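Quick notes on the structure that follows.
2 protein chains.
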Amino acid sequence: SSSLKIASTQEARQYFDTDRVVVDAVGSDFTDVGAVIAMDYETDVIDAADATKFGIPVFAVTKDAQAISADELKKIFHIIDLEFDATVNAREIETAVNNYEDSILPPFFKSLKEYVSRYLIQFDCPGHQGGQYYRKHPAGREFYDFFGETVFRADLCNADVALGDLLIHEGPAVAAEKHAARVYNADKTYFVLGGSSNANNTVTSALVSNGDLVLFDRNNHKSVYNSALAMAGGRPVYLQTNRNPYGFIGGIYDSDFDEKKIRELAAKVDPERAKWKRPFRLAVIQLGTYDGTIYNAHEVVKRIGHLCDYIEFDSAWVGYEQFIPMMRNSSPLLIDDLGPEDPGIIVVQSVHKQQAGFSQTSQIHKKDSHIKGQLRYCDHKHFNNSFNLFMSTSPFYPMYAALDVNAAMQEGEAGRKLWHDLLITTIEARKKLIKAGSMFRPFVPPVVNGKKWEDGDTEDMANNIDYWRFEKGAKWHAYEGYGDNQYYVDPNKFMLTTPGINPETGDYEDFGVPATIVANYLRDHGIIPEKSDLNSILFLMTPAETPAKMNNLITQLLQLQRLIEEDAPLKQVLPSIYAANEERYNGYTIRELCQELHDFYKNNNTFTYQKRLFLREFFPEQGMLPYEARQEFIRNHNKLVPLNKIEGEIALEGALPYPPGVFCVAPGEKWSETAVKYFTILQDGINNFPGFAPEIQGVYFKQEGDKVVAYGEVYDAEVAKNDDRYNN
Amino acid sequence: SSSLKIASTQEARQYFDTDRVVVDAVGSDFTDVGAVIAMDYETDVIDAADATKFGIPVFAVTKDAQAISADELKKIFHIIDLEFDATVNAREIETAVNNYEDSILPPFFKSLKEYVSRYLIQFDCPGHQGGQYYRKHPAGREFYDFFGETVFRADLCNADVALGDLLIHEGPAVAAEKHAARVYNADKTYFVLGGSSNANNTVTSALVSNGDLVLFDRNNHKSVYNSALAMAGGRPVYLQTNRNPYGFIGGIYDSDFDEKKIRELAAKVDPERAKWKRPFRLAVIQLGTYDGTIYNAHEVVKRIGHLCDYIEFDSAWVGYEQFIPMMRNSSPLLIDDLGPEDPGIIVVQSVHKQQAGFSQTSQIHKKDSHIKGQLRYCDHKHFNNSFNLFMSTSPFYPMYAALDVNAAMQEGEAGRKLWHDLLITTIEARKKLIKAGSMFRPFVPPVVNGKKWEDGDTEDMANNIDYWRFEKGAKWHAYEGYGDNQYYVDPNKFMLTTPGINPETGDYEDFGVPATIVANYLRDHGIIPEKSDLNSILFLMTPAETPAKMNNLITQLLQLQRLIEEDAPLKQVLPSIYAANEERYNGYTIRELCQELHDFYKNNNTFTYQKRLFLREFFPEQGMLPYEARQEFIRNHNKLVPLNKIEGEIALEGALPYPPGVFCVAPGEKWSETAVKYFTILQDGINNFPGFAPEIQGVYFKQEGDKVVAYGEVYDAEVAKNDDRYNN
Ligand SMILES: Nc1nc2c(ncn2[C@@H]2O[C@H](COP(=O)(O)OP(=O)(O)OP(=O)(O)O)[C@@H](O)[C@H]2O)c(=O)[nH]1
Ligand SMILES: Nc1nc2c(ncn2[C@@H]2O[C@H](COP(=O)(O)OP(=O)(O)OP(=O)(O)O)[C@@H](O)[C@H]2O)c(=O)[nH]1
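Chains as they are written, first to last, in PDB author numbering: chain A, 1 to 83, 86 to 730; chain A', 1 to 83, 86 to 730. A prime marks a further copy of an entry chain.
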């Protein structure tokens with residue numbers, strides 16, 4: 001039933017009785033402890049349990065209670081005096099352990115744990131019924147034994163009515179969501195089991211009507227392009243975004259947050275902007291970019307908020323900013339001053355990315371009670387209708403429990419401490435790399451308050467925003483369109499730069515170490531990074547990291563550093579990519595490959611085109627709306643055209659290149675020269691360098707000769723007129 | 001207490017306060033500097049301190065820190081901003099100087115420096131007690147004043163417990179050895195104060211049992227013949243070595259590194275080779291020969307390693323190859339792929355020879371953790387037992403400190419730069435001699451990559467192995483048994499050839515300048531060479547050389563060159579050898595002596611016999627094992643026989659001639675015809691040419707008539723049977 005242990009110190013052992021559960025000593029993390037029982041003088045053990053801020057009941061056995069220190073009494077929960087030693091002490095300690103476990107276990111997981119504890123004969127869905135189908139076949143038996151009995155036993159459905167209703171929100175299911183809603187300072191919370199992709203489908207399909215204007219962030223994820231525009235029929239008013247010589251996904255231009263530019267831009271419909279106090283139904287802004295650019299949510303609401311009915315913050319790459327005091331301005335759920343003239347705030351966040359949750363788990367935080375009595379408001383009936391279009395009728399319970407448990411894990415002083423201790427570890431790890439003069443320098447300011455970054459106090463830096471800010475016009479970040487106190491460096495994204503770029507002069511250096519070499523090296527040495535662009539590599543930071551894990555990373559980056567400065571053979575450095583492509587990289591050394599791979603991108607001015615794709619001057623021309631483009635795609639009014647003949651052709655699918663991992667030509671838009679240039683460079687790179695090829699979606703490769711040519715689905719007006727189905 | 005100075009530039013002088021220590025200007029080597037304090041714009045002074053890679057803290061006083069260059073910030077350690087000028091700046095600078103001195107001073111020397119700083123009344127060992135006995139007598143007072151107070155004050159013992167234990171390895175003593183062990187990439191490091199001779203006694207007496215097979219390199223030093231065979235009782239399986247027409251100590255034959263030849267050769271014991279996977283307990287190979295032949299340690303382990311439990315690399319003539327990137331393949335401590343089927347690696351190196359250390363200082367690097375759980379492994383208890391047989395109970399502390407300091411001096415980018423800068427100096431000095439068409443040509447390849455040696459870029463040549471390699475079958479080196487990528491030219495051995503030999507045709511030229519004339523000339527002009535063979539002279543290169551010292555050498559070799567090509571009197575050229583042997587060299591001129599001394603060796607075919615002594619076809623016959631031979635020597639079962647009657651007689655002592663400086667007839671072996679020929683030539687040379695006589699050990703000279711005849715201790719079977727002590 002219960003698994004919580006009692007941690008007691010040696011002298012305190014023979015003073016209590018709950019030898020019902022495993023008692024242990026103190027030198028523990030206190031994560032499996034129910035109640036700590038020490039002596040009044042064993043101050044350091046009482047201080048250690050208290051320091052974790054978990055809230056574990058501390059029992060102090062004393063000789064003189066009237067003599068105990070006042071500061072220690074705040075840490076002690078109950079006093080076991082010696083001025086009776088009985089079975090009543092055994093009750094208090096057991097009741098403390100029970101009241102504690104009732105506290106740390108969230109609403110839905112607590113019920114799932116109890117339900118599974120019963121011996122219930124399942125004749126309902128899922129058909130495997132407690133995994134008993136799997137253990138009847140050898141392939142399934144291997145599947146059962148790999149995962150364990152529990153994941154199959156916890157896989158239940160609506161017919162197990164004791165657990166509530168996960169669709170029309172009833173029972174322990176809604177209790178879990180109402181708990182998360184308190185933890186995140188929101189009106190209502192919706193648990194989505196189809197990732198932020200389907201949560202993005204929920205938000206927009208609930209608010210956007212065919213023809214409504216959407217204030218679109220050009221950095222928006224494919225799901226926001228597909229749902230808000232292609233599916234729903236919304237019409238975008240794109241806001242240009244920043245990009246530096248590293249191709250980093252920066253925020254929206256400061257000059258774009260101007261009402262006069264926005265209304266001018268909104269000439270998609272002349273009257274919907276001309277007088278309408280609020281020309282936009284929805285405004286989707288990506289709060290946290292992949293490359294570490296987190297906005298000032300307070301300043302965004304203040305500047306574009308009175309023009310939008312609703313504002314959606316795709317916060318899938320963040321979420322932790324609510325629990326880190328330093329980053330409060332970045333949290334849209336902590337905005338106090340909301341009244342009826344303000345917009346409704348929706349916050350979509352992928353719990354699995356940088357929070358605690360299984361893959362595909364996400365949630366929506368609705369904060370719009372301040373606009374409750376107006377026509378623009380979207381009530382629970384309206385929102386849940388959309389939720390149910392995307393939510394399955396048979397959701398996976400263990401995934402629902404993960405979201406429930408995450409909300410508990412972020413709650414109070416125990417969750418905030420975990421993010422705080424991580425900052426200490428991350429700040430100390432960056433200092434290690436800076437002080438050790440590594441060629442892989444962390445993307446942070448070089449000088450803060452007249453002193454060097456690494457010369458600041460780690461504790462201050464964990465709670466001082468000056469150390470993590472993108473100062474207007476500062477050379478290091480090189481983003482040309484940032485204002486004062488508008489963007490911040492996301493501290494949880496261990497972003498390292500690699501040689502080859504000089505943000506100072508805004509151009510390439512003679513020698514460069516492409517990030518893909520670093521990526522493949524670490525992958526061969528067991529370390530799996532998140533991604534690597536052309537001159538940067540990323541590692542995601544959550545409380546799962548320990549100083550040991552970071553040191554094991556910093557070590558392997560110092561090994562590769564010396565193998566490069568001394569010029570080692572490619573068979574030695576990268577043996578996986580060699581023992582696959584031998585006759586192509588024969589006799590090569592790392593520097594030989596490094597100079598080769600660097601010059602290709604250098605001679606092609608790859609970062610100049612990477613920047614232009616997100617600049618209004620170079621946005622493709624809209625030859626059709628995204629909705630109209632998808633309809634033509636459904637109707638098969640298309641042709642596969644190669645890239646050399648594609649410029650000017652209307653793209654029916656979004657061209658997605660990595661980097662930046664965002665649409666460069668949205669469906670309906672016609673292929674710009676800039677789009678064709680950038681795609682041709684990466685196409686040639688796939689051919690020229692097998693093994694260090696960038697990921698690319700929206701385009702289709704066809705092997706033609708010795709090279710692999712790129713194609714794309716484009717509109718065919720000939721098939722449109724020669725189709726009697728939708729009128730000749 | 002502290003002796004480190006602060007180097008500051010003029011403009012920066014009135015901005016700080018540590019007028020506690022001597023402040024100086026920048027135009028310094030930075031070897032006595034604690035902290036460099038310049039201005040942000042004084043880029044060339046900031047760049048100069050950084051270039052030495054010592055790691056000195058650079059303080060940059062600035063007007064605008066936000067404006068400083070990014071590339072310069074990597075060099076600057078701390079920023080002293082002007083946007086307070088106080089006593090806090092004086093703290094940071096003092097703490098930097100202290101943290102720096104704590105860094106560059108190694109573990110044992112740091113403690114010795116502190117201990118000596120105290121006023122301690124010594125009543126223990128050594129009896130001179132701080133040299134106070136010496137200053138009580140006139141002879142000792144002259145000794146005290148010649149060396150100084152410190153060398154006597156630092157001479158302490160075990161009773162000064164604060165310094166640790168140098169025998170059972172405790173305190174700062176083991177800290178020093180654990181530091182060296184990290185610097186040399188080894189498991190454990192043993193500091194030997196009895197030279198590599200006693201370190202060679204340590205290694206073999208710890209591993210070799212009476213009767214064990216030792217894979218013996220015929221080039222091995224006398225200490226390896228004496229300890230492994232004569233003392234321990236190991237039985238050799240000799241590997242033939244290469245010798246060219248210059249009598250240069252080359253490496254082992256390529257064809258000898260064959261398992262089928264080795265097992266066939268190992269028929270010392272038929273079953274110990276027949277099936278034994280590992281027939282050898284120890285294998286001693288001389289990694290770096292005196293004449294500049296350094297092996298490929300990686301290829302040696304790959305070819306004979308699975309046949310030996312352990313392999314010892316007598317690296318006394320090298321060691322610097324670990325710190326010179328170009329020579330990585332020559333370092334047995336940098337081998338990565340070691341598992342349980344590989345042998346244990348021991349590396350003995352004389353720190354005094356070509357590293358930084360006093361005479362008699364050496365160390366052993368043990369790298370055998372990869373074979374830890376097997377019967378063949380020799381743990382710290384076993385090894386330290388041997389260490390203590392040879393290590394004294396009263397070691398000299400200053401010598402221990404020298405080894406400690408050497409490890410610090412080879413550590414990081416500061417030590418590697420010193421060896422790198424030396425290569426530049428040595429490459430440039432060789433080019434001077436080649437381009438100036440000297441008769442003393444440096445032993446290097448004449449043509450590398452289609453261009454002449456001297457026509458290559460000095461920087462490339464310092465990090466390109468092609469310029470320093472013995473190509474298979476190339477005429478210049480004339481070694482007949484080398485394979486591909488097996489041997490390299492040791493760049494730190496300034497080896498010059500003298501006229502008289504033609505490696506092309508493999509024979510003598512008409513005219514020759516014997517190396518001993520060059521040796522005695524330079525010695526009279528103050529320049530002390532290392533050695534001189536018959537047609538070659540050597541100078542040892544360590545970071546102690548400056549381009550000035552080399553130019554002073556090249557000059558004196560150009561002076562002797564013209565005195566030879568114009569034929570100058572012998573009283574003019576060599577006045578030291580003349581004013582001792584006047585009536586013998588009366589009226590002689592250098593060319594008269596040169597032709598005479600050359601023809602003697604030419605008509606005797608001296609290089610043909612020098613080659614044969616290290617060829618298996620001409621190895622002496624083993625008439626007794628080395629151990630048995632020494633026992634007979636102890637028992638006085640011997641007779642002094644002259645060389646004319648010695649052929650066939652069992653040598654009880656090793657015949658050591660210079661050249662090559664290696665045993666030609668090991669104890670137990672019977673005098674070969676080749677041995678008698680070569681020794682007779684050198685014997686006649688002592689008589690014929692007084693003043694240019696080669697050094698010779700293992701043989702005893704007796705003045706008989708007008709000539710000095712050579713004798714040798716040989717076995718007397720008559721004394722053996724007429725001795726009732728060890729049975730009649
Ligand atoms: N998903 C979700 N459902 C909730 C939550 N809180 C309450 N509910 C469900 O919402 C129902 C109430 O919704 P409605 O009947 O529309 O009442 P309402 O909350 O006033 O609706 P609004 O007009 O949007 O304020 C409850 O009966 C619950 O089943 C929450 O945090 N999350
Ligand atoms: N000379 C020397 N002694 C060392 C070094 N490192 C540790 N020691 C000494 O070796 C002792 C430990 O040796 P053992 O007790 O045999 O433990 P061990 O190191 O596991 O021995 P192995 O079985 O050889 O691994 C330490 O207590 C030190 O005194 C080193 O680098 N050099």
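Idealized CB from N, CA, C, for every residue including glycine.
Indicate whether at least one CB of chain A' lies closer than 7 Å to the CB of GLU506 of chain A.
yes
Identify whether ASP726 of chain A lies in helix, strand or coil by the three-state DSSP scheme.
helix
Quick one: is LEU391 of chain A' buried, meaning 16 or more other Cβ sit within 10 Å of its Cβ, or exposed?
exposed
N- and C-terminal bounds of the alpha helix (DSSP H) containing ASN690 of chain A':
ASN690 of chain A' -> alpha helix (DSSP H) spans 675 to 690.
Thinking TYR399 of chain A' and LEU114 of chain A' are a contact (beta carbons under 8 Å), I'd like their distance in whole angstroms, please.
6 Å
Do the CB positions of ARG280 of chain A' and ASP311 of chain A' come within less than 7 Å of each other?
yes
Which residues of chain A have a Cβ atom closer than 9 Å to the Cβ of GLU482 of chain A', listed in chain order?
At a C-beta separation below 9 Å, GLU482 of chain A' has no neighbours in chain A, since its nearest C-beta there lies roughly 30 Å away.
Give me the subset of the region 394 to 413 of chain A' whose CB atoms are less than 7 Å from a CB atom of chain A, sorted by chain position.
none
For the region 449 to 477 of chain A, which residues have a beta carbon sitting closer than 9 Å to at least one beta carbon of chain A'?
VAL449, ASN451, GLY452, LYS453, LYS454, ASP457, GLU473, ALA476 and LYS477
Beta carbon proximity, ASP81 of chain A' to chain A, threshold 7 Å:
It does: the Cβ of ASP81 of chain A' has a partner Cβ on chain A nearer than 7 Å.
Assuming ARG443 of chain A contacts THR499 of chain A under a Cβ cut-off of 8 Å, what Cβ separation, rounded to an integer in Å, is found between them?
5 Å
Counting pairs of Cβ atoms below 8 Å between the region 687 to 704 of chain A and the region 1 to 20 of chain A', do you hit three or more?
They do not touch, by the three-pair rule.
For the region 304 to 324 of chain A', which residues have a CB atom closer than 9 Å to at least one CB atom of chain A, in sequence order?
none
What's the C-alpha gap between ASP256 of chain A' and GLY197 of chain A'?
31 Å
Just list the residues that DSSP pairs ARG525 of chain A with in beta bridges.
Answer is none; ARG525 of chain A lacks a bridge partner.
Kindly identify the DSSP beta-bridge partner or partners of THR97 of chain A'.
Bridge partners of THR97 of chain A': none, in fact.
For a test of your reading of the model: does the CB of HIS181 of chain A' fall under 6 Å from any non-hydrogen atom of ligand 2? Yes or no.
For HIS181 of chain A', the shortest C-beta to heavy atom distance toward ligand 2 is 6 Å or greater.
Less than 7 Å separating the beta-carbons of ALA188 of chain A and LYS5 of chain A?
no
Beta-bridge pairing of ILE348 of chain A - partner residues as DSSP gives them:
A:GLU314 and A:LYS368
Can the beta-carbon of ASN221 of chain A be found closer than 7 Å to that of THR243 of chain A?
yes
Reference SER3 of chain A'; option with closest CA among A':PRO174, A':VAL99, A':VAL575 and A':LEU595:
Checking every option, the nearest Cα to that of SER3 of chain A' belongs to A':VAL99.
Is there a Cβ of chain A sitting closer than 7 Å to that of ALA70 of chain A', yes or no?
yes
Chain A contact residues for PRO493 of chain A', given Cβ-Cβ distances below 9 Å
Those do not exist, as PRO493 of chain A' stays about 17 Å from chain A at its closest Cβ, beyond 9 Å.
Beta-carbon separation (whole angstroms), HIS372 of chain A' vs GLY341 of chain A', contact threshold 8 Å:
6 Å
Contact set between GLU594 of chain A and chain A', taken where Cβ atoms lie within less than 8 Å
Within 8 Å of the CB of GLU594 of chain A, no CB atom of chain A' is found; the nearest one sits about 14 Å away.
Short check: CB of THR204 of chain A to CB of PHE30 of chain A, under 7 Å?
no
So does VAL286 of chain A have its beta carbon nearer than 6 Å to some heavy atom of ligand 1?
no
Please classify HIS639 of chain A: does DSSP put it in a helix, a strand, or coil?
coil
Is the Cβ of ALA65 of chain A' closer than 7 Å to any Cβ of chain A?
So, interface residue.
Determine, using beta carbons only, whether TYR481 of chain A and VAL450 of chain A come nearer to each other than 7 Å.
no
Is the Cβ-Cβ distance between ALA65 of chain A and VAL58 of chain A less than 7 Å?
no
Is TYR402 of chain A' near ligand 2, going by C-beta to nearest heavy atom under 6 Å?
no
Buried versus exposed call for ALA178 of chain A' [16 or more other C-beta atoms within 10 Å across all chains shown]
buried
Pick out whichever of A':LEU267, A':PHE616, A':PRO692 and A':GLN351 has its Cα sitting closest to the Cα of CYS666 of chain A'.
A':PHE616
Using the beta-carbon of each residue, which ones in chain A are nearer than 9 Å to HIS78 of chain A'?
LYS453, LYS454 and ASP457
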